[PDB]
Number of protein chains: 2
Amino acid sequence: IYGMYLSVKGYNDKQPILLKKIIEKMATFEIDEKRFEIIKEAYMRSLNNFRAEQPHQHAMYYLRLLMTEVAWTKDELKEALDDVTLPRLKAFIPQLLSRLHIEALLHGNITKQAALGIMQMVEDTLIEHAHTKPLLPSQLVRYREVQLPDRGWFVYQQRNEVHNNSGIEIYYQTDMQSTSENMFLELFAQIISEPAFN
Amino acid sequence: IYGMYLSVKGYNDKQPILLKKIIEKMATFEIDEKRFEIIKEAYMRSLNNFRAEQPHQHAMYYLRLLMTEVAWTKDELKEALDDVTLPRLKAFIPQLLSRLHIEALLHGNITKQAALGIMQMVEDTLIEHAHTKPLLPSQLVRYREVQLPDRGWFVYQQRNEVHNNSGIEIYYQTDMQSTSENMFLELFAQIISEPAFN
């Protein structure tokens, strides 16, 4: 929801080469129309196939949508999927790569100068082939969680058209994430874990 | 901040003709490069002339920024203005007209059928020349106001560089808009109006 995520894990011997190739395909992507149609139809089949997920998964999904400030439902994505066209996408990729921020975490059998060399390699490739420009700090917008009122109870109700079983997810909200509240919630959840199961 | 605003007022004799011509002009606009550079430069001057505004106007501006959820500053606009290019705008206009919502108010010497004819003409023209699609209701996000904490006092300080006088604006945020709160605030402001002046 904040942008792309790329992770390369494994032996560091030939890692920067493949990473460079992946960045090269990010900044030199040529879309095949047949692959585009097949993959698009597959994604449509995925959004259609979400209706066959399990009731508890639907409960976690609905609670996610309710609690997050901004969240698009799979029905909205499915409806907007028909309007996606190849010229729109080909005009959208450089529009995406035109303004970017990057947050990296390099943790492994590499040195500081090696990490700086890899990072500078990625930056130089993105600038060279994609003309990527940094983002403005005021544009670093994180999403807030909906605040429930005191003594307030809300219930969202939907139906599962596939499984003959019912699902339910009860969520009580706390103030914020501080040390004291974290240890309160974790300690209580530790006390009620096995009694809840049993 | 929510979108464009257009208001045509006057004799209704040729209002539909003029309005139709306006929609056609916004849906078939061809940009002049000279006019683009000149109007852009005049916009840069307009952004640079805010420094000569009065300190109370600077106060209302800063307070508006502070209490608005999303608000971009004159310096951010004047900095991002240097990146505005003719191809970027030429790609922005159809992107702006691709999906839209409309909220109209037709009041005066007008019949209901003529109002529906005007609205239907606007929709037909927008879909015709701009392929305008309806906007999702979840995309109709309204900005909120920063919720101040109880017994909280915050002070933002700046300096006017042109006028030799100083300004100040003191804001006691009340609760959300309801009948009781509205009449309390308006009655108190009524009591303190003339004693404030005198």
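Rules used in this analysis
- Residues numbered from 1 in each chain as written, not as in the entry; some residues may be left out.
- Chains lettered and ligands numbered in written order.
- Part of a larger assembly, values for the part shown.
- Heavy atoms only, no water.
- Core = buried A, V, L, I, M, F, W, Y, C linked by side-chain atoms within 4.5 Å.
- Buried < 20%, exposed > 50% of the residue type's maximum accessible area, 1.4 Å probe, protein only.
- Helix = DSSP H or I, 4+ residues; strand = E, 2+ residues; numbered from the N terminus.
- Contact = heavy atoms within 4.5 Å.
- Axes fitted to C-alpha atoms, helices over the stretch in contact; angles between N-to-C directions.
- Parallel < 35°, antiparallel > 145°, perpendicular 65-115°, else oblique.
- Left-handed = near helix turned anticlockwise from the far one by under 90°.
- Nonpolar A, V, L, I, M, F, W, Y, C, P; charged D, E, K, R; others polar.
- Patch = residues over 30% accessible without salt bridge, like charges linked within 9 Å, V, L, I, M, F, W, Y side chains within 5 Å.
- Areas by Shrake-Rupley, 256 points an atom, 1.4 Å probe, with all protein chains shown as cover.
- Salt bridge = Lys/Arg side-chain N within 4 Å of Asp/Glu carboxyl O.
- Buried area = accessible area lost by both parts, 1.4 Å probe.
- Polar contact = N/O pair within 3.5 Å; in protein donor to acceptor, adjacent residues only side chain to side chain.
- Least-squares fit on C-alpha atoms.
- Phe/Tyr/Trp six-rings, centres within 6.5 Å; stacked < 30°, edge-to-face > 60°.
- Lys NZ or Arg CZ within 6 Å of the ring centre and 35° of its normal.

- Per the PDB record, the structure was determined using X-ray crystallography to 3.950 Å resolution.

Concerning the nonpolar core
Residue and element names in this part refer to chain B.
Logical step 1: Formed by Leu19, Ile23, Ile118, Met121, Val122 and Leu126, the largest nonpolar core amounts to six residues.
Logical step 2: Elements with a contribution of two residues or more to this core: α1 (15–27) and α6 (112–130).
Logical step 3: A total of four residues in this core trace back to one element, the largest contributor, which is α6.
Logical step 4: Apart from the residues within four sequence positions on either side, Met121 is in contact with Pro16, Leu19 and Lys20.

Concerning the packing of helix α1 (residues 15–27) of chain A against helix α6 (residues 112–130) of chain A
Residues and elements named next belong to chain A.
Logical step 1: Where α1 meets α6, the closest approach of the two axes is 9 Å, and the angle between their N-to-C directions is 25°. Classified by the angle between their axes, α1 and α6 sit roughly parallel to one another. Helix-helix and strand crossings are classified by hand; for α1 and α6 the assignment is right-handed. Between α1 and α6, the contacting residues are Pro16, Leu19, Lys20, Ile23 and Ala27 on the first element and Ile118, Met121, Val122, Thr125, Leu126, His129 and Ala130 on the second.
Logical step 2: Of the residues assigned to the contact of α1 with α6, the class counts are nine nonpolar, two polar and one charged.

Remarks on a nonpolar patch on the surface
Residue and element names in this part refer to chain A.
Logical step 1: Together, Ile1, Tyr2, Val141 and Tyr143 give the surface a local cluster of nonpolar side chains, amounting to about 440 Å² of exposed area.
Logical step 2: Tracing the sequence through the fold places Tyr143 in the loop between β2 (133–134) and α7 (179–191).
Logical step 3: On the accessibility criterion, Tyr143 (33% relative accessible area) is partly exposed.

With respect to the interface of chain B and chain A
Logical step 1: The interface is formed by 12 residues belonging to chain B together with 12 residues belonging to chain A.
Logical step 2: Around 920 Å² of area is buried between chain B and chain A when both sides are counted, 43% of it from carbon and sulfur atoms.
Logical step 3: Counting the surface chain B buries against chain A, the share from its top three residues, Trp72, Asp83 and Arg99 of chain B, is 35%.
Logical step 4: There are four salt bridges connecting chain B and chain A.
Logical step 5: Across the pair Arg99 of chain A and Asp83 of chain B runs a salt bridge, and its minimum N-O distance is 3.6 Å.
Logical step 6: Applying the counting rule to chain B against chain A returns four residue pairs in polar contact.

Some words on the environment of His129 of chain B
All names here are of chain B.
Logical step 1: Mapped onto the fold, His129 is located in helix α6.
Logical step 2: Residue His129 is classed as partly exposed on the basis of its relative accessible area of 35%.
Logical step 3: Once the C-alpha coordinates of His129 and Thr28 are considered, the two residues, 101 residues apart in sequence, prove to be 7.0 Å apart.
Logical step 4: Here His129 is in contact with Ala27 and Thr28, once residues within four sequence places are set aside.

Remarks on the relation of the copies chain B and chain A
Logical step 1: If you rotate chain B by 178° and push it 0.6 Å along the axis, it lands on chain A with an RMSD of 0.4 Å. The relationship between the two copies is best expressed as a two-fold rotation axis. Taking C-alpha positions as the reference, the residue of chain B nearest the rotation axis is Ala91 of chain B, at 4.6 Å.
Logical step 2: Of the residues that chain B buries at the interface, 92% are likewise interface residues in chain A, meaning the two copies contact each other through the same surface.

A closer look at the pattern of salt bridges
Logical step 1: This structure, assessed with the given rule, holds 12 salt bridges over all chains.
Logical step 2: A salt bridge links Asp13 of chain B to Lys14 of chain B, with the nearest nitrogen and oxygen atoms 2.8 Å apart.
Logical step 3: For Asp13 of chain B, a relative accessible area of 59% puts it in the exposed group.
Logical step 4: Look at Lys14 of chain B and you get exposed, because its relative accessible area is 52%.
Logical step 5: When salt bridges that share partners are traced, they join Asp83 of chain A together with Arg99 and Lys133 of chain B into one network.

What to know about the packing of aromatic side chains
Logical step 1: Summed over the entire model, instances satisfying the criterion amount to eight aromatic pairs over all chains.
Logical step 2: Their ring planes at 70° and their centres at 5.5 Å tell us that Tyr62 of chain A and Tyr156 of chain A sit as a pair that is edge-to-face. With a gap of 94 residues between them, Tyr62 of chain A in helix α3 (residues 55–67) and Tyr156 of chain A in the loop between β2 and α7 connect regions that are remote in the sequence.
Logical step 3: Note on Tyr156 of chain A: relative accessible area 48%, which makes it partly exposed.
Logical step 4: An aromatic cluster of three or more residues is present, and its members are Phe50, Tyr61, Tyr62 and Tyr156 of chain A.
Logical step 5: For the cation-ring pair, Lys74 of chain A lies above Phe50 of chain A, with the distance from its terminal atom to the ring centre recorded as 5.3 Å.
Logical step 6: The positively charged end of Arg142 of chain B is found above the aromatic ring belonging to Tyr2 of chain B, 4.6 Å away from the centroid.

Considerations on the environment of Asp75 of chain B
All names here are of chain B.
Logical step 1: Tracing the sequence through the fold places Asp75 in helix α4 (residues 74–80).
Logical step 2: Under the relative-accessibility criterion, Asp75 is labelled partly exposed at 48%.
Logical step 3: Here the alpha-carbon distance between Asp75 and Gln177, two residues 102 residues apart in the chain, equals 32 Å.

Let's talk about the side chain of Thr132 of chain A
Residues and elements named next belong to chain A.
Logical step 1: Looking at where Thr132 falls in the secondary structure, it is placed in the loop between α6 and β2.
Logical step 2: Among the polar contacts listed, one links the side chain of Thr132 to the backbone oxygen of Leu97, at a separation of 2.9 Å.
Logical step 3: When sequence neighbours within four positions are dropped, the list of residues in contact with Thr132 reads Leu97, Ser98, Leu100, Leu126 and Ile127.

Some details on the environment of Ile31 of chain A
Residue and element names in this part refer to chain A.
Logical step 1: With respect to the helices and strands, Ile31 occurs in the loop between α1 and α2 (33–49).
Logical step 2: Judged by relative accessible area, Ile31 falls into the buried class, the value being 16%.
Logical step 3: Once residues within four sequence positions are removed from consideration, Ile31 is found in contact with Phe36, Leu86, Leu89, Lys90 and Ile93.

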